[PDB]
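S.K.: Return atomic coordinates for the entry below.
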Amino acid sequence: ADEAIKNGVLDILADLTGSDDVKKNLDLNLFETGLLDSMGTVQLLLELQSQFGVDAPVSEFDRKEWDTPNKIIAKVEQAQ
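M.R.: Residues are numbered from 1 along each chain as shown. Shown next is the protein structure:
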């Protein structure tokens with residue numbers, strides 16, 4: 001279906017890290033890779049709450065789900 005989401009989400013991912021590593025790998029630990037820190041997820045959320053209008057937690061989300069791009073790409077699909 002909507003591919004502007006899977007793309008945008010990913011596009012926002014590669015942009016998040018700043019490398020074309022996640023642009024491919026669909027299991028690149030955004031944490032174990034050091035590509036992410038914390039503020040990144042916050043921002044991405046801002047973008048995931050605008051183009052996707054997601055409603056994910058922050059106080060203490062499941063980094064496990066926000067650890068990978070796939071886990072997220074799914075979290076975005078399980079929000080629409």
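S.K.: Show me which positions of the top helix by length along the chain end up buried.
M.R.: For the chain, the longest helix by residue count, based on DSSP state H, is helix 3-17. By neighbour count on 16 or more other CB atoms under 10 Å, the buried set for helix 3-17 is 5, 8-10, 12-17. To be clear about C-beta, it is placed using only N, CA and C from the backbone, and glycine gets the same treatment.
S.K.: Which elements pack onto that helix?
M.R.: When contacts are defined as 3 or more CB pairs under 8 Å, 6 or more residues apart in numbering; DSSP states H and E, helix 3-17 sits against helix 39-48, helix 69-77.
S.K.: Out of these, indicate the one that is most buried.
M.R.: Highest mean neighbour count of these: helix 69-77, a mean of 19 (counted as mean count of other CB atoms under 10 Å).
S.K.: contacting residues around it?
M.R.: 5-6, 9-10, 13, 22, 25-28, 30, 48, 52, 54, 56, 64-66 (CB atoms under 8 Å, 6 or more residues apart in numbering).
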